[PDB]
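K.L.:
This is data-v7.pdb, which holds PDB, C-alpha atoms and all ligand atoms:
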ATOM      1  CA  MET E   1      55.630  42.150  71.173  1.00  0.00           C
ATOM      2  CA  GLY E   2      58.361  40.521  69.139  1.00  0.00           C
ATOM      3  CA  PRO E   3      61.961  39.808  70.032  1.00  0.00           C
ATOM      4  CA  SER E   4      63.811  42.538  68.164  1.00  0.00           C
ATOM      5  CA  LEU E   5      61.762  45.341  69.562  1.00  0.00           C
ATOM      6  CA  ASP E   6      61.858  43.722  73.002  1.00  0.00           C
ATOM      7  CA  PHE E   7      65.642  43.537  72.786  1.00  0.00           C
ATOM      8  CA  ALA E   8      66.034  47.256  71.804  1.00  0.00           C
ATOM      9  CA  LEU E   9      63.572  48.437  74.396  1.00  0.00           C
ATOM     10  CA  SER E  10      65.372  46.431  77.033  1.00  0.00           C
ATOM     11  CA  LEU E  11      68.629  48.060  75.944  1.00  0.00           C
ATOM     12  CA  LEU E  12      66.947  51.471  76.291  1.00  0.00           C
ATOM     13  CA  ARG E  13      65.742  50.644  79.842  1.00  0.00           C
ATOM     14  CA  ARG E  14      68.906  48.981  81.202  1.00  0.00           C
ATOM     15  CA  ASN E  15      72.047  50.064  79.222  1.00  0.00           C
ATOM     16  CA  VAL E  16      71.519  52.987  76.840  1.00  0.00           C
ATOM     17  CA  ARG E  17      71.570  56.301  78.681  1.00  0.00           C
ATOM     18  CA  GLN E  18      70.864  59.995  77.785  1.00  0.00           C
ATOM     19  CA  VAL E  19      73.966  62.085  78.580  1.00  0.00           C
ATOM     20  CA  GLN E  20      75.335  65.521  78.158  1.00  0.00           C
ATOM     21  CA  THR E  21      78.908  66.724  78.171  1.00  0.00           C
ATOM     22  CA  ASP E  22      80.353  70.191  77.436  1.00  0.00           C
ATOM     23  CA  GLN E  23      80.202  69.033  73.719  1.00  0.00           C
ATOM     24  CA  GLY E  24      76.409  68.475  73.715  1.00  0.00           C
ATOM     25  CA  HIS E  25      74.002  65.576  73.860  1.00  0.00           C
ATOM     26  CA  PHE E  26      75.009  61.980  73.267  1.00  0.00           C
ATOM     27  CA  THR E  27      73.843  58.435  73.805  1.00  0.00           C
ATOM     28  CA  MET E  28      76.023  56.427  76.227  1.00  0.00           C
ATOM     29  CA  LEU E  29      76.176  52.635  76.243  1.00  0.00           C
ATOM     30  CA  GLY E  30      76.808  51.129  79.684  1.00  0.00           C
ATOM     31  CA  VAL E  31      78.486  47.740  79.031  1.00  0.00           C
ATOM     32  CA  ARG E  32      79.132  46.050  82.425  1.00  0.00           C
ATOM     33  CA  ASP E  33      79.977  46.889  85.992  1.00  0.00           C
ATOM     34  CA  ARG E  34      80.579  50.645  86.013  1.00  0.00           C
ATOM     35  CA  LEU E  35      82.153  50.748  82.500  1.00  0.00           C
ATOM     36  CA  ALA E  36      80.522  52.700  79.667  1.00  0.00           C
ATOM     37  CA  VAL E  37      81.537  53.822  76.199  1.00  0.00           C
ATOM     38  CA  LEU E  38      81.153  57.143  74.449  1.00  0.00           C
ATOM     39  CA  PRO E  39      82.344  58.654  71.129  1.00  0.00           C
ATOM     40  CA  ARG E  40      85.732  60.200  71.748  1.00  0.00           C
ATOM     41  CA  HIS E  41      84.641  63.605  70.469  1.00  0.00           C
ATOM     42  CA  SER E  42      82.111  63.889  73.268  1.00  0.00           C
ATOM     43  CA  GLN E  43      85.154  64.727  75.412  1.00  0.00           C
ATOM     44  CA  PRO E  44      83.782  63.589  78.765  1.00  0.00           C
ATOM     45  CA  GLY E  45      85.450  65.461  81.607  1.00  0.00           C
ATOM     46  CA  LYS E  46      85.451  64.889  85.358  1.00  0.00           C
ATOM     47  CA  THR E  47      81.695  64.656  85.599  1.00  0.00           C
ATOM     48  CA  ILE E  48      78.955  63.805  83.144  1.00  0.00           C
ATOM     49  CA  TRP E  49      75.224  64.495  83.231  1.00  0.00           C
ATOM     50  CA  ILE E  50      73.420  61.065  83.000  1.00  0.00           C
ATOM     51  CA  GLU E  51      69.586  61.506  82.585  1.00  0.00           C
ATOM     52  CA  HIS E  52      68.712  63.133  85.907  1.00  0.00           C
ATOM     53  CA  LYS E  53      71.971  63.597  87.786  1.00  0.00           C
ATOM     54  CA  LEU E  54      75.615  64.477  87.632  1.00  0.00           C
ATOM     55  CA  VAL E  55      77.884  61.447  87.866  1.00  0.00           C
ATOM     56  CA  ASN E  56      81.634  61.533  88.582  1.00  0.00           C
ATOM     57  CA  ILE E  57      83.980  59.932  86.043  1.00  0.00           C
ATOM     58  CA  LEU E  58      86.729  57.934  87.810  1.00  0.00           C
ATOM     59  CA  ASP E  59      88.760  57.168  84.569  1.00  0.00           C
ATOM     60  CA  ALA E  60      88.589  57.688  80.791  1.00  0.00           C
ATOM     61  CA  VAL E  61      90.584  55.630  78.257  1.00  0.00           C
ATOM     62  CA  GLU E  62      90.690  56.821  74.557  1.00  0.00           C
ATOM     63  CA  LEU E  63      91.191  53.705  72.414  1.00  0.00           C
ATOM     64  CA  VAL E  64      93.833  53.568  69.718  1.00  0.00           C
ATOM     65  CA  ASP E  65      95.130  50.689  67.593  1.00  0.00           C
ATOM     66  CA  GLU E  66      98.688  49.313  67.286  1.00  0.00           C
ATOM     67  CA  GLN E  67      99.536  52.000  64.676  1.00  0.00           C
ATOM     68  CA  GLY E  68      98.536  54.688  67.203  1.00  0.00           C
ATOM     69  CA  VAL E  69      95.479  55.701  65.296  1.00  0.00           C
ATOM     70  CA  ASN E  70      92.205  56.882  66.876  1.00  0.00           C
ATOM     71  CA  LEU E  71      89.331  54.326  67.202  1.00  0.00           C
ATOM     72  CA  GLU E  72      86.955  57.180  68.228  1.00  0.00           C
ATOM     73  CA  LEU E  73      85.864  55.307  71.431  1.00  0.00           C
ATOM     74  CA  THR E  74      86.415  56.458  74.997  1.00  0.00           C
ATOM     75  CA  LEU E  75      85.824  53.970  77.854  1.00  0.00           C
ATOM     76  CA  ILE E  76      84.741  55.619  81.063  1.00  0.00           C
ATOM     77  CA  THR E  77      84.571  54.204  84.551  1.00  0.00           C
ATOM     78  CA  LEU E  78      81.771  55.814  86.504  1.00  0.00           C
ATOM     79  CA  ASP E  79      80.905  56.466  90.137  1.00  0.00           C
ATOM     80  CA  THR E  80      77.411  55.016  89.618  1.00  0.00           C
ATOM     81  CA  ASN E  81      75.425  53.461  92.442  1.00  0.00           C
ATOM     82  CA  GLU E  82      74.522  50.359  90.543  1.00  0.00           C
ATOM     83  CA  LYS E  83      76.318  48.136  88.003  1.00  0.00           C
ATOM     84  CA  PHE E  84      75.088  47.971  84.433  1.00  0.00           C
ATOM     85  CA  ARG E  85      73.612  44.741  83.222  1.00  0.00           C
ATOM     86  CA  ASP E  86      76.544  42.989  81.551  1.00  0.00           C
ATOM     87  CA  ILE E  87      75.909  43.066  77.791  1.00  0.00           C
ATOM     88  CA  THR E  88      79.417  42.066  76.755  1.00  0.00           C
ATOM     89  CA  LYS E  89      78.032  38.754  75.466  1.00  0.00           C
ATOM     90  CA  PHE E  90      75.979  40.685  72.849  1.00  0.00           C
ATOM     91  CA  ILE E  91      79.106  42.374  71.435  1.00  0.00           C
ATOM     92  CA  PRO E  92      80.657  40.158  68.734  1.00  0.00           C
ATOM     93  CA  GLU E  93      84.272  38.969  69.229  1.00  0.00           C
ATOM     94  CA  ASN E  94      85.333  40.615  65.977  1.00  0.00           C
ATOM     95  CA  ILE E  95      84.085  43.742  64.334  1.00  0.00           C
ATOM     96  CA  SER E  96      81.142  42.508  62.343  1.00  0.00           C
ATOM     97  CA  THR E  97      78.820  43.639  59.544  1.00  0.00           C
ATOM     98  CA  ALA E  98      75.054  43.220  59.603  1.00  0.00           C
ATOM     99  CA  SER E  99      72.037  43.283  57.419  1.00  0.00           C
ATOM    100  CA  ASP E 100      69.113  45.638  58.193  1.00  0.00           C
ATOM    101  CA  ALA E 101      70.576  47.038  61.378  1.00  0.00           C
ATOM    102  CA  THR E 102      68.829  49.713  63.477  1.00  0.00           C
ATOM    103  CA  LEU E 103      70.520  52.649  65.185  1.00  0.00           C
ATOM    104  CA  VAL E 104      69.051  53.127  68.645  1.00  0.00           C
ATOM    105  CA  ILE E 105      69.533  56.620  70.066  1.00  0.00           C
ATOM    106  CA  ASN E 106      68.671  58.013  73.472  1.00  0.00           C
ATOM    107  CA  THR E 107      69.234  61.655  74.260  1.00  0.00           C
ATOM    108  CA  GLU E 108      67.195  64.329  75.955  1.00  0.00           C
ATOM    109  CA  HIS E 109      66.497  65.723  72.493  1.00  0.00           C
ATOM    110  CA  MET E 110      66.017  62.309  70.728  1.00  0.00           C
ATOM    111  CA  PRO E 111      64.642  59.970  73.340  1.00  0.00           C
ATOM    112  CA  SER E 112      64.062  56.228  72.491  1.00  0.00           C
ATOM    113  CA  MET E 113      64.773  56.937  68.797  1.00  0.00           C
ATOM    114  CA  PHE E 114      64.928  54.257  66.100  1.00  0.00           C
ATOM    115  CA  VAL E 115      66.714  54.892  62.849  1.00  0.00           C
ATOM    116  CA  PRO E 116      66.589  52.288  60.065  1.00  0.00           C
ATOM    117  CA  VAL E 117      70.191  52.530  58.877  1.00  0.00           C
ATOM    118  CA  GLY E 118      70.096  49.299  57.056  1.00  0.00           C
ATOM    119  CA  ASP E 119      73.055  47.176  55.994  1.00  0.00           C
ATOM    120  CA  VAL E 120      76.247  47.887  57.829  1.00  0.00           C
ATOM    121  CA  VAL E 121      79.439  47.215  55.843  1.00  0.00           C
ATOM    122  CA  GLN E 122      83.167  47.254  56.583  1.00  0.00           C
ATOM    123  CA  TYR E 123      84.660  50.663  55.852  1.00  0.00           C
ATOM    124  CA  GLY E 124      87.942  50.919  57.770  1.00  0.00           C
ATOM    125  CA  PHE E 125      89.658  54.308  57.442  1.00  0.00           C
ATOM    126  CA  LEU E 126      87.619  57.468  57.915  1.00  0.00           C
ATOM    127  CA  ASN E 127      88.751  61.013  58.159  1.00  0.00           C
ATOM    128  CA  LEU E 128      86.162  62.894  60.128  1.00  0.00           C
ATOM    129  CA  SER E 129      86.407  66.570  60.972  1.00  0.00           C
ATOM    130  CA  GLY E 130      90.194  66.336  60.420  1.00  0.00           C
ATOM    131  CA  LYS E 131      91.003  63.273  62.601  1.00  0.00           C
ATOM    132  CA  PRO E 132      91.895  59.848  61.077  1.00  0.00           C
ATOM    133  CA  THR E 133      89.943  56.998  62.545  1.00  0.00           C
ATOM    134  CA  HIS E 134      90.275  53.271  61.990  1.00  0.00           C
ATOM    135  CA  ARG E 135      87.940  50.251  62.305  1.00  0.00           C
ATOM    136  CA  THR E 136      84.800  51.998  61.143  1.00  0.00           C
ATOM    137  CA  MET E 137      81.772  50.662  59.447  1.00  0.00           C
ATOM    138  CA  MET E 138      79.283  52.418  57.256  1.00  0.00           C
ATOM    139  CA  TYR E 139      75.582  52.540  56.489  1.00  0.00           C
ATOM    140  CA  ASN E 140      73.917  54.296  53.638  1.00  0.00           C
ATOM    141  CA  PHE E 141      71.634  56.472  55.720  1.00  0.00           C
ATOM    142  CA  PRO E 142      71.739  60.268  56.167  1.00  0.00           C
ATOM    143  CA  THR E 143      72.414  60.407  59.940  1.00  0.00           C
ATOM    144  CA  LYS E 144      72.536  63.790  61.653  1.00  0.00           C
ATOM    145  CA  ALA E 145      74.059  65.779  64.509  1.00  0.00           C
ATOM    146  CA  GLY E 146      72.790  64.601  67.932  1.00  0.00           C
ATOM    147  CA  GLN E 147      72.885  60.945  67.041  1.00  0.00           C
ATOM    148  CA  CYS E 148      76.427  60.242  68.198  1.00  0.00           C
ATOM    149  CA  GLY E 149      76.833  57.346  70.666  1.00  0.00           C
ATOM    150  CA  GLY E 150      73.779  55.665  69.204  1.00  0.00           C
ATOM    151  CA  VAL E 151      73.982  51.900  69.298  1.00  0.00           C
ATOM    152  CA  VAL E 152      74.026  50.001  66.019  1.00  0.00           C
ATOM    153  CA  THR E 153      72.122  46.768  66.677  1.00  0.00           C
ATOM    154  CA  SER E 154      70.929  43.765  64.649  1.00  0.00           C
ATOM    155  CA  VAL E 155      69.501  40.348  65.617  1.00  0.00           C
ATOM    156  CA  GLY E 156      70.539  40.653  69.244  1.00  0.00           C
ATOM    157  CA  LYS E 157      74.070  41.853  68.540  1.00  0.00           C
ATOM    158  CA  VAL E 158      75.471  45.332  69.535  1.00  0.00           C
ATOM    159  CA  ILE E 159      77.991  46.040  66.776  1.00  0.00           C
ATOM    160  CA  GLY E 160      78.912  49.697  66.664  1.00  0.00           C
ATOM    161  CA  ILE E 161      78.644  53.148  68.185  1.00  0.00           C
ATOM    162  CA  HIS E 162      77.614  56.079  65.871  1.00  0.00           C
ATOM    163  CA  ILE E 163      80.365  58.616  65.299  1.00  0.00           C
ATOM    164  CA  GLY E 164      79.867  60.634  62.144  1.00  0.00           C
ATOM    165  CA  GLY E 165      78.183  61.106  58.744  1.00  0.00           C
ATOM    166  CA  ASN E 166      78.641  63.106  55.604  1.00  0.00           C
ATOM    167  CA  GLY E 167      75.032  63.871  54.819  1.00  0.00           C
ATOM    168  CA  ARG E 168      74.360  60.740  52.782  1.00  0.00           C
ATOM    169  CA  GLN E 169      76.079  58.028  54.813  1.00  0.00           C
ATOM    170  CA  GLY E 170      76.628  57.288  58.499  1.00  0.00           C
ATOM    171  CA  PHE E 171      79.610  55.757  60.223  1.00  0.00           C
ATOM    172  CA  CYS E 172      80.161  53.856  63.484  1.00  0.00           C
ATOM    173  CA  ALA E 173      83.188  52.869  65.446  1.00  0.00           C
ATOM    174  CA  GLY E 174      83.117  49.031  65.341  1.00  0.00           C
ATOM    175  CA  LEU E 175      82.767  47.256  68.692  1.00  0.00           C
ATOM    176  CA  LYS E 176      84.561  43.995  69.665  1.00  0.00           C
ATOM    177  CA  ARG E 177      84.081  42.195  72.892  1.00  0.00           C
ATOM    178  CA  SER E 178      87.782  42.483  73.912  1.00  0.00           C
ATOM    179  CA  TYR E 179      87.603  46.345  74.254  1.00  0.00           C
ATOM    180  CA  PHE E 180      85.501  45.541  77.363  1.00  0.00           C
ATOM    181  CA  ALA E 181      87.592  42.815  79.000  1.00  0.00           C
TER     182      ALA E 181
HETATM  183  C1  LIG E 201      77.712  63.131  66.307  1.00  0.00           C
HETATM  184  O1  LIG E 201      78.348  64.007  67.286  1.00  0.00           O
HETATM  185  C2  LIG E 201      78.006  63.625  64.862  1.00  0.00           C
HETATM  186  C3  LIG E 201      77.062  62.966  63.812  1.00  0.00           C
HETATM  187  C4  LIG E 201      77.286  63.416  62.365  1.00  0.00           C
HETATM  188  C5  LIG E 201      77.017  64.873  62.244  1.00  0.00           C
HETATM  189  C6  LIG E 201      76.476  64.946  60.775  1.00  0.00           C
HETATM  190  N1  LIG E 201      75.907  63.639  60.552  1.00  0.00           N
HETATM  191  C7  LIG E 201      76.301  62.758  61.433  1.00  0.00           C
HETATM  192  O2  LIG E 201      75.994  61.557  61.512  1.00  0.00           O
HETATM  193  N2  LIG E 201      79.442  63.400  64.527  1.00  0.00           N
HETATM  194  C8  LIG E 201      80.246  64.426  64.133  1.00  0.00           C
HETATM  195  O3  LIG E 201      79.916  65.590  64.020  1.00  0.00           O
HETATM  196  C9  LIG E 201      81.640  64.066  63.794  1.00  0.00           C
HETATM  197  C10 LIG E 201      82.539  64.200  64.947  1.00  0.00           C
HETATM  198  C11 LIG E 201      83.912  63.620  64.870  1.00  0.00           C
HETATM  199  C12 LIG E 201      85.013  64.381  65.173  1.00  0.00           C
HETATM  200  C13 LIG E 201      86.276  63.760  65.071  1.00  0.00           C
HETATM  201  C14 LIG E 201      86.419  62.396  64.752  1.00  0.00           C
HETATM  202  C15 LIG E 201      85.286  61.609  64.503  1.00  0.00           C
HETATM  203  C16 LIG E 201      84.038  62.269  64.597  1.00  0.00           C
HETATM  204  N3  LIG E 201      82.104  64.648  62.547  1.00  0.00           N
HETATM  205  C17 LIG E 201      81.448  64.415  61.389  1.00  0.00           C
HETATM  206  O4  LIG E 201      80.535  63.605  61.327  1.00  0.00           O
HETATM  207  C18 LIG E 201      81.908  65.112  60.147  1.00  0.00           C
HETATM  208  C19 LIG E 201      81.020  65.891  59.515  1.00  0.00           C
HETATM  209  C20 LIG E 201      81.347  66.604  58.255  1.00  0.00           C
HETATM  210  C21 LIG E 201      82.404  67.520  58.209  1.00  0.00           C
HETATM  211  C22 LIG E 201      82.688  68.175  56.998  1.00  0.00           C
HETATM  212  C23 LIG E 201      81.945  67.923  55.815  1.00  0.00           C
HETATM  213  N4  LIG E 201      82.283  68.617  54.596  1.00  0.00           N
HETATM  214  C24 LIG E 201      81.400  68.332  53.436  1.00  0.00           C
HETATM  215  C25 LIG E 201      83.689  68.361  54.193  1.00  0.00           C
HETATM  216  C26 LIG E 201      80.884  66.989  55.887  1.00  0.00           C
HETATM  217  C27 LIG E 201      80.585  66.338  57.098  1.00  0.00           C
END
Can the structure in the file be given as structure tokens, please?
P.N.:
Amino acid sequence: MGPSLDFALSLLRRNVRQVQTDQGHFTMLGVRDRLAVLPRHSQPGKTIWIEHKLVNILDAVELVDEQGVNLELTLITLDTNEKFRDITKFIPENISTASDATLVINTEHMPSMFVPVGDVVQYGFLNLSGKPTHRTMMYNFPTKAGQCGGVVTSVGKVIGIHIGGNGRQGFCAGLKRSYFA
């Protein structure tokens, strides 16, 4: 088996978890220690279902930029038994585009799912369901409901978390390594 599939499957085993909140099913990316990231609109509460058990959330931080605008990312600290493998090194230091990226999803309804979103380009401002968001990127793929929190990945880099789509295109919140310092 080659390196790109090995990388994604290893993400699916060690960092990319099936979750459910009151808002439905999402993919959650565990980044290091007991710190994970979800799309803000998943609205995690005091507990979250993670695969096979209910896990307590010890803190949730909704990220905004210096203008006060939503980044659509919520960092949660979990009462998990074990620490995540630290994947912060795979997150670029600036928000970064990619060629021929794949969106890797993992929910109870869409387990171990691979979506060929393709080139990922800078987008910036997005108004989704009424809320302004900054720092997004875009792919010309018709993503659908249930795929939020999916991990946008390319050549060993974890670059984005899926947050929205308009039927023809998909959008992620860009990831940068400093969100997880
Ligand atoms: C994941 O939960 C989901 C994935 C979307 C659903 C449709 N395709 C996808 O890829 N995301 C959403 O439903 C988001 C949620 C959101 C809320 C607030 C801030 C950021 C994200 N919303 C959307 O993707 C918007 C969908 C939409 C609304 C209205 C229209 N009409 C045509 C104006 C089109 C699309």
K.L.:
Looking at E:53, E:115, E:170, E:152, which one is nearest to residue 139 (chain E), with distances taken over all atoms listed in the file?
P.N.:
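Counting all atoms listed in the file, the residue closest to residue 139 (chain E) is E:170.
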K.L.:
Tell me which protein, DNA and RNA residues are within 12 Å of region 18-20 of chain E, counting all atoms listed in the file, leaving out same-chain ones fewer than 5 positions away, and put them as an MDAnalysis selection string.
P.N.:
chainID E and resid 12:13 25:30 36:39 42:45 47:55 104:113 146:150
K.L.:
Which residues match the PyMOL selection byres (((chain E and resi 131) around 12) and not hetatm) in the file above, as a list in words?
P.N.:
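That expression, the PyMOL selection byres (((chain E and resi 131) around 12) and not hetatm), corresponds here to residues 40, 41, 69, 70, 71, 72, 125, 126, 127, 128, 129, 130, 132, 133, 134, 163 and 164 of chain E.
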K.L.:
For the atom pair CA of residue 143 (chain E) and atom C15 of ligand LIG 201 (chain E), what is the interatomic distance in Å to one decimal place?
P.N.:
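Going from CA of residue 143 (chain E) over to atom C15 of ligand LIG 201 (chain E) covers 13.7 Å.
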K.L.:
Work out where the centre of an axis-aligned box around every listed atom of region 71-78 of chain E lies and how long its edges are once 4 Å is added on each side; give both in Å to one decimal as AutoDock Vina command-line options.
P.N.:
--center_x 85.6 --center_y 55.6 --center_z 76.9 --size_x 15.6 --size_y 11.2 --size_z 27.3
K.L.:
Go through E:32, E:181, E:74, E:156 and flag the residue nearest ligand LIG 201 (chain E), using only C-alpha atoms and all ligand atoms for the distances.
P.N.:
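Answer, going by the shortest atom-to-atom distance: E:74.
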K.L.:
In Å to one decimal, how far is CA of residue 145 (chain E) from CA of residue 33 (chain E)?
P.N.:
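So the two atoms, CA of residue 33 (chain E) and CA of residue 145 (chain E), lie 29.2 Å apart.
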K.L.:
Using only C-alpha atoms and all ligand atoms, which of the listed residues (E:177, E:89, E:135, E:157) sits closest to ligand LIG 201 (chain E)?
P.N.:
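Residue with the minimum atom-to-atom distance to ligand LIG 201 (chain E): E:135.
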K.L.:
From the list E:154, E:4, E:21, E:56, which residue is nearest residue 79 (chain E) when using only C-alpha atoms?
P.N.:
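Ranking E:154, E:4, E:21, E:56 by distance to residue 79 (chain E), first place goes to E:56.
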K.L.:
So which residues get picked by the PyMOL selection byres (((chain E and resi 58) around 6) and not hetatm) here, written as a count of residues only?
P.N.:
4
K.L.:
Please determine the residues with any atom at most 6 Å from (79.0, 44.1, 79.6) (coordinates as given in the file, with all atoms listed in the file counting) and report them as a list in words.
P.N.:
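Within 6 Å of (79.0, 44.1, 79.6), the protein and nucleic acid residues are residues 31, 32, 86, 87 and 88 of chain E.
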K.L.:
For ligand LIG 201 (chain E), which of E:138, E:80, E:122, E:97 is the closest residue, counting only C-alpha atoms and all ligand atoms?
P.N.:
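Closest residue, counting only C-alpha atoms and all ligand atoms: E:138.
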K.L.:
Compare E:168, E:34, E:162, E:144 by their minimum atom-to-atom distance to ligand LIG 201 (chain E), counting all atoms listed in the file, and give me the closest one.
P.N.:
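Looking only at the distances to ligand LIG 201 (chain E), the closest residue turns out to be E:144.
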